[PDB]
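Input: a single structure, listed below in structure tokens.
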Amino acid sequence: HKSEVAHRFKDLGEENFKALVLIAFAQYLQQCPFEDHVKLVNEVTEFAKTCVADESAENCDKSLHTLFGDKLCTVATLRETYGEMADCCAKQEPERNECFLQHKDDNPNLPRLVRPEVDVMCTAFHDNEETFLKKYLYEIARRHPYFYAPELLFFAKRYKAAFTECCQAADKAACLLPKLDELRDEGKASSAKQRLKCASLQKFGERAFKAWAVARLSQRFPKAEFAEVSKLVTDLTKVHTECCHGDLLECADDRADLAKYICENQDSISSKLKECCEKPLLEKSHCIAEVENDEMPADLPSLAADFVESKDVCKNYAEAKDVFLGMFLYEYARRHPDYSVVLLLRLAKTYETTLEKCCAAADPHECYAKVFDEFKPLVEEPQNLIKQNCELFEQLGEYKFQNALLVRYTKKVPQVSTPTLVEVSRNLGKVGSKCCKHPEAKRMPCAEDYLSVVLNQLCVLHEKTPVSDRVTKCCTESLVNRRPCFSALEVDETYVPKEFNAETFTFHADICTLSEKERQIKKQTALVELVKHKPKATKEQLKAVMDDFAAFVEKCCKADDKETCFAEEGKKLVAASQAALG
Ligand SMILES: CC(=O)C[C@H](c1ccccc1)c1c(O)c2ccccc2oc1=O
Ligand SMILES: CCCCCCCCCCCCCC(=O)O
Ligand SMILES: CCCCCCCCCCCCCC(=O)O
Ligand SMILES: CCCCCCCCCCCCCC(=O)O
Ligand SMILES: CCCCCCCCCCCCCC(=O)O
Ligand SMILES: CCCCCCCCCCCCCC(=O)O
Ligand SMILES: CCCCCCCCCCCCCC(=O)O
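Just so we're aligned, residue 9 is where the sequence shown starts under mature numbering (1 follows the signal peptide of the UniProt record, and there is no 0), counting upward by one.
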């Protein structure tokens, strides 16, 4: 139209508009105080109301970037607090915004956000609901400069909902706490996937990304024509390139147009897009990106017809390699919603290696005639891992299951830091209780989703303070061999056991007076240290000690003079245990 703000204000709503503007400013001016951002918000909202009333009013013709950039340069302490960034204000708009993007500190040094007591939170919420939500919308956004703004809004509303429901509940904490812990994890996971998708698009390039997308989109929209999926994969590539660059406005419009395109062609893509297409602007694309897989056509041919048997396969492949390979993916992915995306990529990659060496020899048709038998071991490997590990988790519980993984991984990379091992294992455990809950049909996709962030988390840490070549190998390998590389790690035969430290195995009464989470972590910590000291301990020998300890604790956290029990009996435990572990 004639006025951008006016238009955005109208099909967004005053409430949503003010929240997004706050997020946007908090993501650039990460150092300014809350009271300051609220003022800017009010000022931009007022200005916006002016344009809604009269599209010809002053400045209402200016573009969003221009308007956004002029207000940013308004801040007086800009140069004194942000330094270089202030020199951005000296350039012509096109470069000005580009300049601002370059200075968006992805990770500032702000104190960790501490969760206050349920009672102080609930009371604050009742006293002033609005500033309570905005204050935290602000604290989160400033710490996560690249989190796509609208999604952050979606999390804000889920937090408001948890307070509404829980602050009225009889037992506040039993209600609110678990919901908040739930929100945090999903929030941190969403943030990790976002950063990951951008990282991958930079390291491995466009082709790899497009392949991941074709597979993913084909499972989702199995009824769509290949030309339709290619079309969407193309736009999705543009969309994420821009969104990764960090330009919110640019990102938002590309996503909007795409969401618009999909809904208008709704019948030619998926039947399950009905709901999502009914929702308002702000929510369309979010919904679509999360929609359930549609049902695959009941009448689908065998892949071997067009990709193995049919002579002249090499003719179609040489005609246009990636297109053909893309069609392979499309066809294979839409018949297998139960496969993880990387598995599909492994299959596609195997096919490529085959067609490459087979199309350059005597009788092609017979060289690549087998290929589908190449897939079997590839498909079964992740499947066996899934059932083996889920069975085990059903036997032991989440906690005792975490302990098993703990012993297994400490033995494979004893060089890693204990607190790192404890965290990684605990998270591997969660993926276990989250995913083993699903029918075998939705398991592999479930693990892939969660395992991808945990493995990326693991790598980043390790990147900071490297400790094992093996870990570095897997972490720098192709994103398709990442998990398989960690799966292939074997017990470290080299490792020289840590020498005994009396303290490391000394326990007091505090452990009795602690919470579940903290008790476990205390126990789990001693367990990693144990294995590092005697890495040759048998699952049996080890289980023997864990049983004595299990009791030992009990005996002392139920005995009169606890101070000495943990000291007299502790002497015994440690001494005996060492005797049994040689
Ligand atoms: C994590 C996801 O599976 C999101 C999905 C996707 C598919 C292929 C490559 C990357 C991401 C996805 C979107 O990011 C999206 C954004 C705007 C509009 C529609 C969208 O649809 C989608 O399926
Ligand atoms: C999350 C975006 C919306 C802001 C509302 C958050 C309100 C809950 C406050 C708790 C946040 C502290 C994070 C944590 O759980 O450790
Ligand atoms: C438009 C179609 C583009 C898709 C290209 C298909 C390529 C399949 C190869 C598998 C990719 C594995 C990733 C990699 O090795 O880089
Ligand atoms: C200075 C004007 C600030 C305007 C704030 C940006 C507008 C956000 C619109 C996002 C629309 C949702 C699109 C989508 O992701 O599906
Ligand atoms: C499923 C819960 C158990 C936790 C252990 C994860 C086991 C799944 C491993 C398979 C990973 C699928 C991704 C891939 O294809 O490599
Ligand atoms: C904290 C560093 C220790 C590294 C632990 C490796 C993480 C294991 C992830 C691989 C999951 C597949 C399960 C398996 O095959 O073992
Ligand atoms: C040689 C030192 C002997 C002491 C060993 C301490 C035992 C550490 C493992 C504790 C974990 C037990 C598992 C549990 O019951 O939760």
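We put the CB at the ideal spot given by N, CA and C, even for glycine.
### Query
Which term fits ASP330, buried or exposed, when burial requires 16 or more other beta carbons within 10 angstroms of its beta carbon?
exposed
### Task
Grab the span of the alpha helix (DSSP H) containing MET554 for me, first residue to last.
Residue range 547-564 is occupied by the alpha helix (DSSP H) that includes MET554.
### Task
To the nearest angstrom, report how far apart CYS565 and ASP556 are at their CA atoms.
14 Å
### Task
Compute the Euclidean distance between the alpha carbons of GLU300 and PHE229, then round it to the nearest angstrom.
CA-CA distance, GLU300 to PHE229, rounds to 9 Å.
### Query
Is it right to say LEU121 is buried, meaning 16 or more other beta carbons lie within 10 angstroms of its own, or is it exposed?
exposed
### Message
Considering Cα atoms alone, identify which of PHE171, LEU581, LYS542 is closest to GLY590.
### Response
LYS542
### Message
Our contact map puts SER226 next to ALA341 with C-beta atoms below 8 Å; I'd like the distance itself, whole angstroms only.
### Response
4 Å
### Segment limits, alpha helix (DSSP H) that includes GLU374
372-375
### Query
Taking DSSP as the reference, what is the three-state secondary structure of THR502?
coil
### Query
Between which two residues does the alpha helix (DSSP H) containing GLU300 stretch?
No alpha helix (DSSP H) contains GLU300, which DSSP labels as neither H nor E.
#### Entry: First and last residue of the uninterrupted alpha helix (DSSP H) at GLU125
Taken as a continuous stretch (DSSP letters only), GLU125 belongs to no alpha helix (DSSP H), as it is neither H nor E.
### Task
Look up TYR154 in the DSSP assignment and say whether it is helix, strand or coil.
Annotated three-state conformation of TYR154 is coil, per DSSP.
### Within-8 Å CB hit, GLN35 to chain D
No chain D is part of this structure, which consists of one protein chain only.
### Alpha-carbon spacing of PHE55 relative to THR89, whole angstroms
Distance from the CA atom of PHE55 to the CA atom of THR89, rounded to whole angstroms, is 26 Å.
### Query
If we count the other Cβ atoms within 10 Å of its Cβ and call it buried at 16 or more, is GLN532 buried or exposed?
Looking at its Cβ environment, which holds 16 or more other Cβ atoms inside 10 Å, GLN532 is buried.
### Task
Go through its chain and collect everything with a Cβ distance to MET304's Cβ below 6 Å, but skip five positions before and after it.
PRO230, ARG342
### Task
For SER433, collect the residues of the same chain with a Cβ closer than 7 Å to its Cβ; drop the 5 residues on either side in sequence, then sort them by chain order.
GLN410, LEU413, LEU414, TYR417
### Query
Going by the C-beta, is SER238 closer than 7 Å to any heavy atom of ligand 3?
Within the cutoff, so yes.
#### Entry: Range of the contiguous alpha helix (DSSP H) that encloses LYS70
No alpha helix (DSSP H) holds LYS70; DSSP gives it neither H nor E.
### Query
Three-state secondary structure (DSSP) at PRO102?
helix
### Task
Consider the C-beta atom of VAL582 and the heavy atoms of ligand 7; say whether any pair is separated by less than 7 Å.
yes
### Query
Based on Cα-Cα distance, which residue from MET335, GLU12, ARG527, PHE513 lies nearest to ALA235?
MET335
### Query
In or out: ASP262 buried (at least 16 other Cβ within 10 Å) or exposed?
buried
### Task
Express the C-alpha separation of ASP477 and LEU538 in angstroms, rounding to a whole number.
Rounded to whole angstroms, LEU538 to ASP477 spans 23 Å at the Cα level.
### Task
Please classify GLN100: is it buried, with 16 or more other beta-carbons within 10 angstroms of its beta-carbon, or exposed?
exposed
#### Entry: Own chain, CB closer than 6 Å to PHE332, minus 5 neighbours either side, in chain order
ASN324, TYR325
### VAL553: CB within 7 Å of a non-hydrogen atom of ligand 7
True, at least one ligand heavy atom lies under 7 Å from that Cβ.
### Message
Under 7 Å, CB to any heavy atom of ligand 3. Which residues pass, going along the chain?
### Response
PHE212, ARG215, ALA216, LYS218, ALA219, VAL222, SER238, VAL241, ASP330, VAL331, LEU333, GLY334, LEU337, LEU353, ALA356, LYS357, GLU360, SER486, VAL488
### Task
Mark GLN210 as exposed unless 16 or more other C-beta atoms lie within 10 angstroms of its C-beta, in which case mark it buried.
exposed
### Query
Which of the three DSSP states, helix, strand or coil, is assigned to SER310?
coil
### Message
Using only the alpha-carbon positions, how far apart do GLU12 and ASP193 sit?
### Response
36 Å
### Task
Below 7 Å CB to CB, which residues in the same chain sit around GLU43 once its five sequence neighbours on both sides are set aside?
none
### Task
Measure the beta-carbon distance from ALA588 to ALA552 and round it to whole angstroms, keeping in mind my assumption that it falls under 8 Å.
6 Å
### Message
Extract the residue ranges of the alpha helix (DSSP H) inside the stretch 486-541, only unbroken runs of 4 or more that lie entirely within it.
### Response
You should have 490-495, 524-541.
#### Entry: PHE163 Cβ short of 7 Å to ligand 2 heavy atom set
In terms of side-chain proximity, the C-beta atom of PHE163 is found nearer than 7 Å to a non-hydrogen atom of ligand 2.
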